[PDB]
$ cat query28.pdb   # PDB, C-alpha atoms
ATOM      1  CA  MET A   1      19.523 102.183  21.758  1.00  0.00           C
ATOM      2  CA  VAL A   2      22.540 100.329  23.127  1.00  0.00           C
ATOM      3  CA  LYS A   3      22.887  96.958  24.813  1.00  0.00           C
ATOM      4  CA  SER A   4      22.587  96.911  28.607  1.00  0.00           C
ATOM      5  CA  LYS A   5      25.925  97.834  30.107  1.00  0.00           C
ATOM      6  CA  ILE A   6      27.693  98.912  33.295  1.00  0.00           C
ATOM      7  CA  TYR A   7      30.550 101.445  33.125  1.00  0.00           C
ATOM      8  CA  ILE A   8      33.182 102.539  35.612  1.00  0.00           C
ATOM      9  CA  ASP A   9      33.541 106.360  35.511  1.00  0.00           C
ATOM     10  CA  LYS A  10      35.986 106.995  38.329  1.00  0.00           C
ATOM     11  CA  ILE A  11      38.056 105.010  40.809  1.00  0.00           C
ATOM     12  CA  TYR A  12      39.491 106.439  43.984  1.00  0.00           C
ATOM     13  CA  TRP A  13      40.487 105.613  47.538  1.00  0.00           C
ATOM     14  CA  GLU A  14      39.758 107.123  50.906  1.00  0.00           C
ATOM     15  CA  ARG A  15      42.548 105.243  52.768  1.00  0.00           C
ATOM     16  CA  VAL A  16      41.328 101.581  52.860  1.00  0.00           C
ATOM     17  CA  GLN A  17      37.923 102.409  51.322  1.00  0.00           C
ATOM     18  CA  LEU A  18      37.812 101.802  47.563  1.00  0.00           C
ATOM     19  CA  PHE A  19      35.137 103.845  45.751  1.00  0.00           C
ATOM     20  CA  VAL A  20      33.956 103.044  42.242  1.00  0.00           C
ATOM     21  CA  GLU A  21      31.606 105.512  40.561  1.00  0.00           C
ATOM     22  CA  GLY A  22      29.847 104.622  37.357  1.00  0.00           C
ATOM     23  CA  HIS A  23      26.602 104.381  35.449  1.00  0.00           C
ATOM     24  CA  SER A  24      24.514 101.985  33.412  1.00  0.00           C
ATOM     25  CA  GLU A  25      23.093 102.268  29.903  1.00  0.00           C
ATOM     26  CA  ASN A  26      19.751 100.621  29.105  1.00  0.00           C
ATOM     27  CA  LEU A  27      19.777  98.875  32.499  1.00  0.00           C
ATOM     28  CA  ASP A  28      17.668  99.588  35.593  1.00  0.00           C
ATOM     29  CA  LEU A  29      19.854  99.306  38.693  1.00  0.00           C
ATOM     30  CA  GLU A  30      17.109  99.195  41.350  1.00  0.00           C
ATOM     31  CA  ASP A  31      17.601  95.501  42.208  1.00  0.00           C
ATOM     32  CA  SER A  32      21.297  95.432  41.403  1.00  0.00           C
ATOM     33  CA  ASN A  33      23.904  93.673  43.531  1.00  0.00           C
ATOM     34  CA  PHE A  34      27.455  94.957  43.031  1.00  0.00           C
ATOM     35  CA  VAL A  35      30.308  92.557  43.907  1.00  0.00           C
ATOM     36  CA  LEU A  36      33.997  91.985  43.349  1.00  0.00           C
ATOM     37  CA  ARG A  37      34.411  88.525  41.823  1.00  0.00           C
ATOM     38  CA  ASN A  38      37.750  86.873  41.279  1.00  0.00           C
ATOM     39  CA  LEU A  39      38.939  85.709  37.881  1.00  0.00           C
ATOM     40  CA  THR A  40      38.191  82.016  38.520  1.00  0.00           C
ATOM     41  CA  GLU A  41      34.820  82.898  40.083  1.00  0.00           C
ATOM     42  CA  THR A  42      35.632  80.989  43.268  1.00  0.00           C
ATOM     43  CA  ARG A  43      35.169  84.107  45.451  1.00  0.00           C
ATOM     44  CA  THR A  44      32.528  86.896  45.479  1.00  0.00           C
ATOM     45  CA  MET A  45      32.608  89.891  47.861  1.00  0.00           C
ATOM     46  CA  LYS A  46      29.665  92.273  48.084  1.00  0.00           C
ATOM     47  CA  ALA A  47      30.149  96.022  48.250  1.00  0.00           C
ATOM     48  CA  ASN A  48      29.818  97.417  51.740  1.00  0.00           C
ATOM     49  CA  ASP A  49      27.611 100.201  50.434  1.00  0.00           C
ATOM     50  CA  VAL A  50      25.950 101.033  47.125  1.00  0.00           C
ATOM     51  CA  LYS A  51      24.203 104.336  46.390  1.00  0.00           C
ATOM     52  CA  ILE A  52      21.998 104.464  43.272  1.00  0.00           C
ATOM     53  CA  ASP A  53      20.726 107.694  41.664  1.00  0.00           C
ATOM     54  CA  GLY A  54      18.813 106.851  38.501  1.00  0.00           C
ATOM     55  CA  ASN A  55      21.410 105.221  36.264  1.00  0.00           C
ATOM     56  CA  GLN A  56      24.332 106.409  38.425  1.00  0.00           C
ATOM     57  CA  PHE A  57      25.941 104.268  41.104  1.00  0.00           C
ATOM     58  CA  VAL A  58      28.678 104.642  43.704  1.00  0.00           C
ATOM     59  CA  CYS A  59      30.154 101.458  45.250  1.00  0.00           C
ATOM     60  CA  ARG A  60      32.271 101.418  48.407  1.00  0.00           C
ATOM     61  CA  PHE A  61      34.462  98.427  49.322  1.00  0.00           C
ATOM     62  CA  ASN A  62      36.210  98.388  52.702  1.00  0.00           C
ATOM     63  CA  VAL A  63      39.190  96.427  51.402  1.00  0.00           C
ATOM     64  CA  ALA A  64      40.669  95.964  54.881  1.00  0.00           C
ATOM     65  CA  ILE A  65      37.746  93.797  56.095  1.00  0.00           C
ATOM     66  CA  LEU A  66      36.205  92.255  52.984  1.00  0.00           C
ATOM     67  CA  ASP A  67      37.548  88.810  53.899  1.00  0.00           C
ATOM     68  CA  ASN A  68      35.821  88.390  57.279  1.00  0.00           C
ATOM     69  CA  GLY A  69      37.860  91.089  58.963  1.00  0.00           C
ATOM     70  CA  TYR A  70      41.010  90.523  56.897  1.00  0.00           C
ATOM     71  CA  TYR A  71      42.124  92.240  53.715  1.00  0.00           C
ATOM     72  CA  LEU A  72      40.828  91.228  50.301  1.00  0.00           C
ATOM     73  CA  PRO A  73      42.960  88.223  49.273  1.00  0.00           C
ATOM     74  CA  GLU A  74      45.627  88.346  46.606  1.00  0.00           C
ATOM     75  CA  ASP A  75      43.839  87.742  43.286  1.00  0.00           C
ATOM     76  CA  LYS A  76      42.481  89.579  40.216  1.00  0.00           C
ATOM     77  CA  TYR A  77      38.914  90.888  40.661  1.00  0.00           C
ATOM     78  CA  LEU A  78      36.206  91.942  38.218  1.00  0.00           C
ATOM     79  CA  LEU A  79      33.472  94.377  39.277  1.00  0.00           C
ATOM     80  CA  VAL A  80      30.157  92.686  38.503  1.00  0.00           C
ATOM     81  CA  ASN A  81      26.533  93.776  38.785  1.00  0.00           C
ATOM     82  CA  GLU A  82      24.618  90.570  39.456  1.00  0.00           C
ATOM     83  CA  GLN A  83      21.120  90.945  38.041  1.00  0.00           C
ATOM     84  CA  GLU A  84      19.183  88.758  35.604  1.00  0.00           C
ATOM     85  CA  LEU A  85      22.541  88.467  33.866  1.00  0.00           C
ATOM     86  CA  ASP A  86      25.960  89.113  35.358  1.00  0.00           C
ATOM     87  CA  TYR A  87      27.068  92.471  33.915  1.00  0.00           C
ATOM     88  CA  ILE A  88      30.826  92.952  34.078  1.00  0.00           C
ATOM     89  CA  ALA A  89      31.814  96.601  34.502  1.00  0.00           C
ATOM     90  CA  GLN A  90      33.495  98.210  31.467  1.00  0.00           C
ATOM     91  CA  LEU A  91      36.002 101.024  31.777  1.00  0.00           C
ATOM     92  CA  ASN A  92      34.809 104.457  30.610  1.00  0.00           C
ATOM     93  CA  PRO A  93      37.701 106.226  28.724  1.00  0.00           C
ATOM     94  CA  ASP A  94      37.393 109.095  31.243  1.00  0.00           C
ATOM     95  CA  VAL A  95      39.457 106.927  33.639  1.00  0.00           C
ATOM     96  CA  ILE A  96      42.318 106.846  31.134  1.00  0.00           C
ATOM     97  CA  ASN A  97      42.087 110.593  30.513  1.00  0.00           C
ATOM     98  CA  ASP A  98      42.109 111.384  34.247  1.00  0.00           C
ATOM     99  CA  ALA A  99      45.279 109.332  34.690  1.00  0.00           C
ATOM    100  CA  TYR A 100      46.920 111.225  31.834  1.00  0.00           C
ATOM    101  CA  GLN A 101      45.869 114.654  33.121  1.00  0.00           C
ATOM    102  CA  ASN A 102      47.404 113.856  36.518  1.00  0.00           C
ATOM    103  CA  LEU A 103      50.803 112.508  35.393  1.00  0.00           C
ATOM    104  CA  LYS A 104      53.741 113.861  37.393  1.00  0.00           C
ATOM    105  CA  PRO A 105      56.818 115.211  35.537  1.00  0.00           C
ATOM    106  CA  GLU A 106      58.948 112.033  35.653  1.00  0.00           C
ATOM    107  CA  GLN A 107      55.889 109.964  34.707  1.00  0.00           C
ATOM    108  CA  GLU A 108      55.090 112.299  31.835  1.00  0.00           C
ATOM    109  CA  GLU A 109      58.633 111.976  30.523  1.00  0.00           C
ATOM    110  CA  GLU A 110      58.388 108.180  30.524  1.00  0.00           C
ATOM    111  CA  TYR A 111      54.865 108.199  29.096  1.00  0.00           C
ATOM    112  CA  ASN A 112      55.877 110.378  26.159  1.00  0.00           C
ATOM    113  CA  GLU A 113      58.331 107.719  24.894  1.00  0.00           C
ATOM    114  CA  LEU A 114      55.597 105.073  24.553  1.00  0.00           C
ATOM    115  CA  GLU A 115      54.739 104.040  20.998  1.00  0.00           C
ATOM    116  CA  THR A 116      51.780 101.635  21.286  1.00  0.00           C
ATOM    117  CA  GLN A 117      48.154 102.106  22.279  1.00  0.00           C
ATOM    118  CA  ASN A 118      48.322  99.108  24.597  1.00  0.00           C
ATOM    119  CA  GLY A 119      51.504 100.399  26.214  1.00  0.00           C
ATOM    120  CA  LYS A 120      49.910 103.792  26.841  1.00  0.00           C
ATOM    121  CA  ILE A 121      46.757 102.267  28.345  1.00  0.00           C
ATOM    122  CA  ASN A 122      48.776  99.918  30.590  1.00  0.00           C
ATOM    123  CA  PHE A 123      51.040 102.748  31.764  1.00  0.00           C
ATOM    124  CA  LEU A 124      48.145 105.038  32.610  1.00  0.00           C
ATOM    125  CA  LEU A 125      46.145 102.435  34.489  1.00  0.00           C
ATOM    126  CA  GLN A 126      49.236 101.464  36.482  1.00  0.00           C
ATOM    127  CA  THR A 127      49.469 105.043  37.800  1.00  0.00           C
ATOM    128  CA  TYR A 128      46.300 104.215  39.789  1.00  0.00           C
ATOM    129  CA  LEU A 129      48.265 101.797  41.989  1.00  0.00           C
ATOM    130  CA  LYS A 130      47.448 102.065  45.702  1.00  0.00           C
ATOM    131  CA  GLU A 131      49.883 100.685  48.265  1.00  0.00           C
ATOM    132  CA  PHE A 132      49.435  99.915  51.954  1.00  0.00           C
ATOM    133  CA  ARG A 133      52.391  99.163  54.217  1.00  0.00           C
ATOM    134  CA  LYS A 134      51.691  97.319  57.476  1.00  0.00           C
ATOM    135  CA  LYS A 140      57.001  94.799  56.594  1.00  0.00           C
ATOM    136  CA  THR A 141      54.064  93.662  54.397  1.00  0.00           C
ATOM    137  CA  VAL A 142      53.280  95.613  51.243  1.00  0.00           C
ATOM    138  CA  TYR A 143      49.752  95.278  49.872  1.00  0.00           C
ATOM    139  CA  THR A 144      49.144  96.814  46.452  1.00  0.00           C
ATOM    140  CA  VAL A 145      45.962  97.193  44.414  1.00  0.00           C
ATOM    141  CA  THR A 146      46.429  98.130  40.744  1.00  0.00           C
ATOM    142  CA  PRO A 147      43.824  98.380  37.964  1.00  0.00           C
ATOM    143  CA  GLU A 148      44.558  96.952  34.561  1.00  0.00           C
ATOM    144  CA  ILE A 149      42.960  95.591  31.437  1.00  0.00           C
ATOM    145  CA  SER A 150      43.521  91.835  31.747  1.00  0.00           C
ATOM    146  CA  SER A 151      44.281  90.786  28.179  1.00  0.00           C
ATOM    147  CA  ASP A 152      43.460  87.127  28.766  1.00  0.00           C
ATOM    148  CA  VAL A 153      39.799  87.634  29.644  1.00  0.00           C
ATOM    149  CA  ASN A 154      39.549  91.076  27.983  1.00  0.00           C
ATOM    150  CA  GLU A 155      38.165  92.833  31.036  1.00  0.00           C
ATOM    151  CA  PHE A 156      38.986  95.540  33.538  1.00  0.00           C
ATOM    152  CA  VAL A 157      40.299  93.991  36.773  1.00  0.00           C
ATOM    153  CA  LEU A 158      41.783  95.048  40.099  1.00  0.00           C
ATOM    154  CA  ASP A 159      45.069  93.203  40.691  1.00  0.00           C
ATOM    155  CA  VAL A 160      45.737  92.622  44.414  1.00  0.00           C
ATOM    156  CA  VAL A 161      49.321  91.620  45.206  1.00  0.00           C
ATOM    157  CA  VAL A 162      50.833  90.986  48.657  1.00  0.00           C
ATOM    158  CA  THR A 163      54.609  91.191  49.095  1.00  0.00           C
ATOM    159  CA  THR A 164      57.234  90.949  51.828  1.00  0.00           C
TER     160      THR A 164
END
$ encode --input "query28.pdb" --output "structure tokens"
Amino acid sequence: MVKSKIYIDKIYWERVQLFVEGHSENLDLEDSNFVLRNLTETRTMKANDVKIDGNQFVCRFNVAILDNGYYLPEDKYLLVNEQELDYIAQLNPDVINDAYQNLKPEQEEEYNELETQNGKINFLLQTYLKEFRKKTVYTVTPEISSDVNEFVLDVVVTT
């Protein structure tokens, strides 16, 4: 009934392993290839593992080694299923709700002063930020990139 689509249902980390759970609508995943692709499409990194159960998928990316034993480079990445077409993963609203349900008290107090839909969405996605310290700080934060109108992972490296 709906156009072929890929959705992200949940994002979480097990230390340096990034997991993305989701599902497709009107799209067989049997010959799918899930990748992170940067905004300019000059770099594509395949998932280290993909498990498919019917229309459900779970992707694992070992972010510490995706670049030939080094960490995923600083960039903005889309999650793409590369089949007959390239299907860019869409965020399921569940991800937004889960962020809201897990706000901490100080976060909740700041969130409650927000007045715009876009501000609320941006705030909630930013609570997913994951930071590694090795002093180099490596942060991975999801967002809706307004320019290309897509969910992305923003990877930023700081000293």
$ closest_residue --input "query28.pdb" --among "A:86, A:28, A:9, A:74" --to "residue 58 in chain A" --atoms "all atoms listed in the file"
A:9
$ residues_near_point --input "query28.pdb" --point "(22.0, 101.0, 31.6)" --cutoff "12 Å" --atoms "only C-alpha atoms" --output "ChimeraX atom specification"
/A:1-8,22-30,32,54-57,81,83,87,89-90
$ resolve_selection --input "query28.pdb" --expression "the PyMOL selection byres ((chain A and resi 112-125) around 9)" --output "PDB file with C-alpha atoms, in the frame of the given file"
ATOM      1  CA  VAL A  95      39.457 106.927  33.639  1.00  0.00           C
ATOM      2  CA  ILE A  96      42.318 106.846  31.134  1.00  0.00           C
ATOM      3  CA  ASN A  97      42.087 110.593  30.513  1.00  0.00           C
ATOM      4  CA  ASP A  98      42.109 111.384  34.247  1.00  0.00           C
ATOM      5  CA  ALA A  99      45.279 109.332  34.690  1.00  0.00           C
ATOM      6  CA  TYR A 100      46.920 111.225  31.834  1.00  0.00           C
ATOM      7  CA  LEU A 103      50.803 112.508  35.393  1.00  0.00           C
ATOM      8  CA  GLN A 107      55.889 109.964  34.707  1.00  0.00           C
ATOM      9  CA  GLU A 108      55.090 112.299  31.835  1.00  0.00           C
ATOM     10  CA  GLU A 109      58.633 111.976  30.523  1.00  0.00           C
ATOM     11  CA  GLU A 110      58.388 108.180  30.524  1.00  0.00           C
ATOM     12  CA  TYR A 111      54.865 108.199  29.096  1.00  0.00           C
ATOM     13  CA  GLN A 126      49.236 101.464  36.482  1.00  0.00           C
ATOM     14  CA  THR A 127      49.469 105.043  37.800  1.00  0.00           C
ATOM     15  CA  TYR A 128      46.300 104.215  39.789  1.00  0.00           C
ATOM     16  CA  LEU A 129      48.265 101.797  41.989  1.00  0.00           C
ATOM     17  CA  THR A 146      46.429  98.130  40.744  1.00  0.00           C
ATOM     18  CA  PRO A 147      43.824  98.380  37.964  1.00  0.00           C
ATOM     19  CA  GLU A 148      44.558  96.952  34.561  1.00  0.00           C
ATOM     20  CA  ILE A 149      42.960  95.591  31.437  1.00  0.00           C
TER      21      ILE A 149
END
$ closest_residue --input "query28.pdb" --among "A:43, A:15, A:134, A:76" --to "residue 61 in chain A" --atoms "only C-alpha atoms"
A:15
$ closest_residue --input "query28.pdb" --among "A:45, A:63, A:79, A:142" --to "residue 158 in chain A" --atoms "all atoms listed in the file"
A:79
$ atom_distance --input "query28.pdb" --atom1 "CA of residue 60 in chain A" --atom2 "CA of residue 151 in chain A"
25.8 Å
$ resolve_selection --input "query28.pdb" --expression "the PyMOL selection byres ((chain A and resi 19) around 9)" --output "VMD selection string"
chain A and resid 10 to 14 17 to 18 20 to 21 58 to 62
$ closest_residue --input "query28.pdb" --among "A:152, A:39, A:16, A:65" --to "residue 132 in chain A" --atoms "only C-alpha atoms"
A:16
$ build_atoms --input "query28.pdb" --residues "range 19-51 of chain A" --atoms "N, CA and C atoms" --output "PDB file, in the coordinates of the input"
ATOM      1  N   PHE A  19      36.378 103.342  46.333  1.00  0.00           N
ATOM      2  CA  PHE A  19      35.137 103.845  45.751  1.00  0.00           C
ATOM      3  C   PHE A  19      35.187 103.649  44.247  1.00  0.00           C
ATOM      4  N   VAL A  20      34.081 103.188  43.684  1.00  0.00           N
ATOM      5  CA  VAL A  20      33.956 103.044  42.242  1.00  0.00           C
ATOM      6  C   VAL A  20      32.677 103.745  41.845  1.00  0.00           C
ATOM      7  N   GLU A  21      32.785 104.809  41.041  1.00  0.00           N
ATOM      8  CA  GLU A  21      31.606 105.512  40.561  1.00  0.00           C
ATOM      9  C   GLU A  21      31.373 105.077  39.126  1.00  0.00           C
ATOM     10  N   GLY A  22      30.119 104.939  38.739  1.00  0.00           N
ATOM     11  CA  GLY A  22      29.847 104.622  37.357  1.00  0.00           C
ATOM     12  C   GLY A  22      28.388 104.817  37.033  1.00  0.00           C
ATOM     13  N   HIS A  23      27.974 104.228  35.907  1.00  0.00           N
ATOM     14  CA  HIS A  23      26.602 104.381  35.449  1.00  0.00           C
ATOM     15  C   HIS A  23      26.256 103.217  34.541  1.00  0.00           C
ATOM     16  N   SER A  24      24.961 103.009  34.345  1.00  0.00           N
ATOM     17  CA  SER A  24      24.514 101.985  33.412  1.00  0.00           C
ATOM     18  C   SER A  24      23.893 102.639  32.182  1.00  0.00           C
ATOM     19  N   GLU A  25      23.884 101.894  31.078  1.00  0.00           N
ATOM     20  CA  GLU A  25      23.093 102.268  29.903  1.00  0.00           C
ATOM     21  C   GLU A  25      22.064 101.172  29.662  1.00  0.00           C
ATOM     22  N   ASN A  26      20.816 101.566  29.401  1.00  0.00           N
ATOM     23  CA  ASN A  26      19.751 100.621  29.105  1.00  0.00           C
ATOM     24  C   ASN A  26      19.677  99.510  30.161  1.00  0.00           C
ATOM     25  N   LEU A  27      19.806  99.888  31.435  1.00  0.00           N
ATOM     26  CA  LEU A  27      19.777  98.875  32.499  1.00  0.00           C
ATOM     27  C   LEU A  27      19.328  99.513  33.810  1.00  0.00           C
ATOM     28  N   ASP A  28      18.158  99.111  34.301  1.00  0.00           N
ATOM     29  CA  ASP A  28      17.668  99.588  35.593  1.00  0.00           C
ATOM     30  C   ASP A  28      18.489  98.952  36.706  1.00  0.00           C
ATOM     31  N   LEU A  29      18.986  99.780  37.625  1.00  0.00           N
ATOM     32  CA  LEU A  29      19.854  99.306  38.693  1.00  0.00           C
ATOM     33  C   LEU A  29      19.124  99.046  40.004  1.00  0.00           C
ATOM     34  N   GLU A  30      17.797  99.212  40.055  1.00  0.00           N
ATOM     35  CA  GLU A  30      17.109  99.195  41.350  1.00  0.00           C
ATOM     36  C   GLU A  30      17.351  97.905  42.141  1.00  0.00           C
ATOM     37  N   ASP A  31      17.341  96.751  41.484  1.00  0.00           N
ATOM     38  CA  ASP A  31      17.601  95.501  42.208  1.00  0.00           C
ATOM     39  C   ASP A  31      18.990  94.965  41.911  1.00  0.00           C
ATOM     40  N   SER A  32      19.958  95.855  41.762  1.00  0.00           N
ATOM     41  CA  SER A  32      21.297  95.432  41.403  1.00  0.00           C
ATOM     42  C   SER A  32      22.024  94.926  42.650  1.00  0.00           C
ATOM     43  N   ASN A  33      23.031  94.091  42.438  1.00  0.00           N
ATOM     44  CA  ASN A  33      23.904  93.673  43.531  1.00  0.00           C
ATOM     45  C   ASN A  33      25.333  93.786  43.012  1.00  0.00           C
ATOM     46  N   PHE A  34      26.093  94.737  43.527  1.00  0.00           N
ATOM     47  CA  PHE A  34      27.455  94.957  43.031  1.00  0.00           C
ATOM     48  C   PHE A  34      28.448  94.181  43.883  1.00  0.00           C
ATOM     49  N   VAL A  35      29.357  93.442  43.226  1.00  0.00           N
ATOM     50  CA  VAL A  35      30.308  92.557  43.907  1.00  0.00           C
ATOM     51  C   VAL A  35      31.656  92.654  43.215  1.00  0.00           C
ATOM     52  N   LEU A  36      32.708  92.323  43.955  1.00  0.00           N
ATOM     53  CA  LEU A  36      33.997  91.985  43.349  1.00  0.00           C
ATOM     54  C   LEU A  36      34.030  90.471  43.237  1.00  0.00           C
ATOM     55  N   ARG A  37      34.397  89.958  42.064  1.00  0.00           N
ATOM     56  CA  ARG A  37      34.411  88.525  41.823  1.00  0.00           C
ATOM     57  C   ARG A  37      35.774  88.169  41.253  1.00  0.00           C
ATOM     58  N   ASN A  38      36.396  87.116  41.777  1.00  0.00           N
ATOM     59  CA  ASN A  38      37.750  86.873  41.279  1.00  0.00           C
ATOM     60  C   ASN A  38      37.700  86.209  39.907  1.00  0.00           C
ATOM     61  N   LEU A  39      38.868  86.148  39.270  1.00  0.00           N
ATOM     62  CA  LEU A  39      38.939  85.709  37.881  1.00  0.00           C
ATOM     63  C   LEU A  39      38.358  84.315  37.693  1.00  0.00           C
ATOM     64  N   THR A  40      38.664  83.399  38.603  1.00  0.00           N
ATOM     65  CA  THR A  40      38.191  82.016  38.520  1.00  0.00           C
ATOM     66  C   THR A  40      36.779  81.846  39.052  1.00  0.00           C
ATOM     67  N   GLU A  41      36.184  82.920  39.571  1.00  0.00           N
ATOM     68  CA  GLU A  41      34.820  82.898  40.083  1.00  0.00           C
ATOM     69  C   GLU A  41      34.675  81.943  41.258  1.00  0.00           C
ATOM     70  N   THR A  42      35.753  81.743  42.024  1.00  0.00           N
ATOM     71  CA  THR A  42      35.632  80.989  43.268  1.00  0.00           C
ATOM     72  C   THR A  42      35.338  81.883  44.473  1.00  0.00           C
ATOM     73  N   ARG A  43      35.437  83.208  44.330  1.00  0.00           N
ATOM     74  CA  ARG A  43      35.169  84.107  45.451  1.00  0.00           C
ATOM     75  C   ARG A  43      34.392  85.331  44.975  1.00  0.00           C
ATOM     76  N   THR A  44      33.364  85.730  45.750  1.00  0.00           N
ATOM     77  CA  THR A  44      32.528  86.896  45.479  1.00  0.00           C
ATOM     78  C   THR A  44      32.401  87.699  46.768  1.00  0.00           C
ATOM     79  N   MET A  45      32.705  88.992  46.704  1.00  0.00           N
ATOM     80  CA  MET A  45      32.608  89.891  47.861  1.00  0.00           C
ATOM     81  C   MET A  45      31.672  91.045  47.547  1.00  0.00           C
ATOM     82  N   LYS A  46      30.606  91.181  48.330  1.00  0.00           N
ATOM     83  CA  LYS A  46      29.665  92.273  48.084  1.00  0.00           C
ATOM     84  C   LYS A  46      30.221  93.613  48.549  1.00  0.00           C
ATOM     85  N   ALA A  47      29.827  94.669  47.828  1.00  0.00           N
ATOM     86  CA  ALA A  47      30.149  96.022  48.250  1.00  0.00           C
ATOM     87  C   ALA A  47      29.580  96.280  49.636  1.00  0.00           C
ATOM     88  N   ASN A  48      30.323  97.057  50.429  1.00  0.00           N
ATOM     89  CA  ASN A  48      29.818  97.417  51.740  1.00  0.00           C
ATOM     90  C   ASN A  48      28.708  98.443  51.657  1.00  0.00           C
ATOM     91  N   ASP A  49      28.690  99.246  50.598  1.00  0.00           N
ATOM     92  CA  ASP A  49      27.611 100.201  50.434  1.00  0.00           C
ATOM     93  C   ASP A  49      27.478 100.454  48.947  1.00  0.00           C
ATOM     94  N   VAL A  50      26.239 100.598  48.486  1.00  0.00           N
ATOM     95  CA  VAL A  50      25.950 101.033  47.125  1.00  0.00           C
ATOM     96  C   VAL A  50      24.899 102.131  47.187  1.00  0.00           C
ATOM     97  N   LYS A  51      25.180 103.265  46.552  1.00  0.00           N
ATOM     98  CA  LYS A  51      24.203 104.336  46.390  1.00  0.00           C
ATOM     99  C   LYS A  51      23.818 104.407  44.921  1.00  0.00           C
TER     100      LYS A  51
END
